[PDB]
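Structure first, commentary second.
Heavy atoms only: backbone and side chains are in, while hydrogens, waters and symmetry mates are out. In this chain, numbering begins with 1 at the start of the sequence shown.
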Amino acid sequence: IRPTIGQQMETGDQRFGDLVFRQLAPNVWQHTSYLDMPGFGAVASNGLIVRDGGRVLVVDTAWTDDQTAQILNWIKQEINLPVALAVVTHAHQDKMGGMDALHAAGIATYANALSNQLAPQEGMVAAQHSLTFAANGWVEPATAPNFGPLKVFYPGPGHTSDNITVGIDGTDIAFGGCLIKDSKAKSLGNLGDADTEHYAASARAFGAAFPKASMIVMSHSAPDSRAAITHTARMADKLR
Ligand SMILES: CC1(C)S[C@H]([C@H](NC(=O)[C@H](N)c2ccccc2)C(=O)O)N[C@H]1C(=O)O
Ligand code: NA
Ligand SMILES: [Zn+2]
Ligand SMILES: [Zn+2]
């Protein structure tokens, strides 16, 4: 698979069905799925799979229900542990397109309350549970029970008003979803639903919430250094 948008296949990538998986840490993998757009080619999107405490936690669906079912089948073959929950990082197809497949499999799903409120308007199925956030961006703990090492942070409006981010405690990894672009990116992607006034502050807030992380994982590029955060913020500075 050679995407028009998104990272290409490299050493360390395992093809499974129509998906690609890459191990990032002993208990963390990146899932990649592709949306084939007529006349344009494939768009890759990345999410995470985390093994913690005898279970698996998923960050983001694939673009489709079938692709998300294939993620669950890869988990069964390679990890063979129950998938306890999924957190999805905003109400757009690349992050929430496969909700029905998670629900059919009995997996509990979580999203920002605002993602769930926007979901139908965005063509998405809402998650079963809503996360809420303090004014400082951190998830209200009672809304995110039994999240293991996942640290869920709402950085403010940016790529969308509802975008959230996830760090993995005890690892070098933080996940910016579609908010963060890589350090060589030429644009901020689709700004159609974006908050151009607050984007730069939201990117910087993500960086400050996860100060230690050296591996920055994002929706449409390979994992990068913290230069992805700095570059995203500087690009966003130009929007205001
Ligand atoms: C890769 C994208 C430019 S498209 C994706 C998202 N768009 C979708 O999920 C749409 N369903 C879509 C429409 C046509 C082709 C591909 C995706 C968005 O608008 O943020 N995230 C964007 C982004 O992360 O900047
Ligand atoms: Na929209
Ligand atoms: Zn989006
Ligand atoms: Zn995206």
Calculate, to the nearest 0.5 Å, the distance between atoms CE and OG1 belonging to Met9 and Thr11 respectively. 9.0 Å
What's the shortest heavy-atom distance between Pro82 and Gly54, and which atoms? CD-O, 3.5 Å
Please list, one pair per line, the donor and acceptor atoms closer than 3.5 Å that link side chains of residues 102-112 to other protein atoms, with sequence neighbours excluded.
unit_1, atom_1, unit_2, atom_2, d
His103, NE2, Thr109, OG1, 2.7
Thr109, OG1, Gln128, N, 2.9
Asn112, OD1, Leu114, N, 3.2
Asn112, ND2, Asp162, O, 3.0

Polar side-chain atom of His129 near backbone of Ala144 as donor-acceptor pair, under 3.5 Å: no
Would you find more than 12 non-hydrogen atoms of other residues, nucleotides or ligands less than 6.0 Å from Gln8 atom CD? yes
Start with the C-alpha gap between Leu179 and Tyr199, add the side-chain angles, then the distance that decides, and say whether side chain to side chain contact (heavy atoms under 4.5 Å, CB included) holds. CA-CA 8 Å; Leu179 176 71; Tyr199 203 132; 3.6 Å; yes
If you measure from NE2 on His90 to CE on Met96, what distance do you get to the nearest 0.5 Å? 10.0 Å
Nearest heavy-atom contact between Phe175 and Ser219 is CZ-OG, 4.3 Å
Taking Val83 as the starting point, is it possible to reach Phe21 by hopping between hydrophobic residues whose side chains are less than 4.5 Å apart? yes
What residues form a salt bridge (charged side-chain N to carboxylate O under 4.0 Å, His left out) with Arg55, not counting sequence neighbours? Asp52
State the CD1-OG1 distance between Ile1 and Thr32, to the nearest 0.5 angstrom. 9.0 Å
Between the side chain of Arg15 and the main-chain N/O of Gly17, is any donor-acceptor distance below 3.5 Å? yes
Output, in order, the C-alpha distance, side-chain angles, deciding distance and verdict of side chain to side chain contact (heavy atoms under 4.5 Å, CB included) for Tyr34 and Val20. CA-CA 9 Å; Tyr34 305 91; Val20 168; 3.2 Å; yes
Partners passing salt bridge (charged side-chain N to carboxylate O under 4.0 Å, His left out) against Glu122 (at least two apart in sequence or in another chain): none
Is any side-chain heavy atom of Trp74 less than 4.5 Å from a side-chain heavy atom of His31? no
Any side-chain to backbone donor/acceptor pair from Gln30 onto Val217? Under 3.5 Å, distance only. no
Could you list the donor-acceptor pairs under 3.5 angstrom formed between side-chain atoms of residues 145-156 and any protein atom two or more places apart in sequence or on another chain?
unit_1, atom_1, unit_2, atom_2, d
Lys151, NZ, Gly148, O, 3.0
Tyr154, OH, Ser161, O, 2.7

Pairing residues for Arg22 by the salt bridge (charged side-chain N to carboxylate O under 4.0 Å, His left out) criterion, not counting sequence neighbours: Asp13
Contacts of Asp169 meeting side-chain hydrogen bond (donor to acceptor under 3.5 Å, both in side chains) (sequence neighbours excluded), chain-then-number -> none
Check whether any side-chain N or O of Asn163 sits under 3.5 Å from a backbone N or O of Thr89 as a donor-acceptor pair, and report yes or no. no
Sequence neighbours left out, what passes side-chain contact (heavy atoms from CB on, under 4.5 Å) with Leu35? Give chain and number order. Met37, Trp63, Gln93
Please report the closest heavy-atom contact between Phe40 and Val43, naming both atoms and the distance. CE2-CG2, 4.0 Å
N/O donor-acceptor pair under 3.5 Å between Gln23 side chain and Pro26 backbone: yes
Please answer whether the main-chain N or O of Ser33 pairs with a side-chain N or O of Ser45 as donor and acceptor at a distance below 3.5 Å. no
Would you compute the distance between atom CG of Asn27 and atom CD1 of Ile168 and round it to the nearest 0.5 angstrom? 9.5 Å
Grab the two heavy atoms, one from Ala62 and one from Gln67, that are nearest each other, plus how far apart they are. CB-CB, 3.4 Å
Determine the minimum heavy-atom distance between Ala233 and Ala200, stating which atoms define it. O-CB, 3.7 Å
To the nearest 0.5 Å, what is the distance between OG1 on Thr232 and CZ on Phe206? 9.5 Å
How far does CG of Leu19 sit from CD of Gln14, to the nearest 0.5 angstrom? 10.5 Å
Any residue meeting side-chain hydrogen bond (donor to acceptor under 3.5 Å, both in side chains) with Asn116, in chain and number order, not counting sequence neighbours: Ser130
Give every residue pair that meets the salt bridge (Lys or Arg N to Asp or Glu O under 4.0 Å) criterion with at least one member in residues 179-199, sequence neighbours excluded. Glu197-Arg240
For a 4.5 angstrom cut-off between non-hydrogen side-chain atoms, does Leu191 reach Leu239? yes
Per the salt bridge (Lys or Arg N to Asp or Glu O under 4.0 Å) rule, what does the pair list look like for residues 206-217, sequence neighbours excluded? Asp172-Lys212
Can you pull the salt bridge (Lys or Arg N to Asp or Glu O under 4.0 Å) pairs that have at least one residue in residues 33-49, sequence neighbours excluded? none
Tested for side-chain contact (heavy atoms from CB on, under 4.5 Å) against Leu48, the lone hit among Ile173, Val166, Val58 is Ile173
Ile5 atom CD1, over 12 foreign heavy atoms within 6.0 Å: no
What residue pairs, at least two apart or across chains, pass salt bridge (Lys or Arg N to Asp or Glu O under 4.0 Å) with a residue in residues 74-102? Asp60-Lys95
Given the rule that I, L, V, M, F, W and Y join up when any side-chain heavy atoms are under 4.5 Å apart, are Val50 and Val87 in one cluster? yes
Whether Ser202 side chain and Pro157 backbone form a donor-acceptor pair below 3.5 Å: yes
So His231 and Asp224, side chain to side chain contact (heavy atoms under 4.5 Å, CB included) or not? Walk me through it. CA-CA 11 Å; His231 183 62; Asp224 204 358; over 6 Å; no
Mind checking whether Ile180 and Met215 sit in one hydrophobic cluster, side chains of I, L, V, M, F, W, Y counted as touching below 4.5 Å? no
When you look at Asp237 and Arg204, which way does the side chain to side chain contact (heavy atoms under 4.5 Å, CB included) test go after all the steps? CA-CA 11 Å; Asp237 281 340; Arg204 290 189 173 94; 2.9 Å; yes
Is there a path from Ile229 to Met235 through hydrophobic residues (I, L, V, M, F, W, Y) whose side chains come within less than 4.5 Å of each other? yes
Looking at every non-hydrogen atom in both residues, tell me the closest pair between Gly97 and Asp65 and how far apart they are. O-OD1, 3.5 Å
Linking I/L/V/M/F/W/Y whenever any side-chain heavy atoms sit under 4.5 Å apart, do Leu57 and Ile49 land together? no
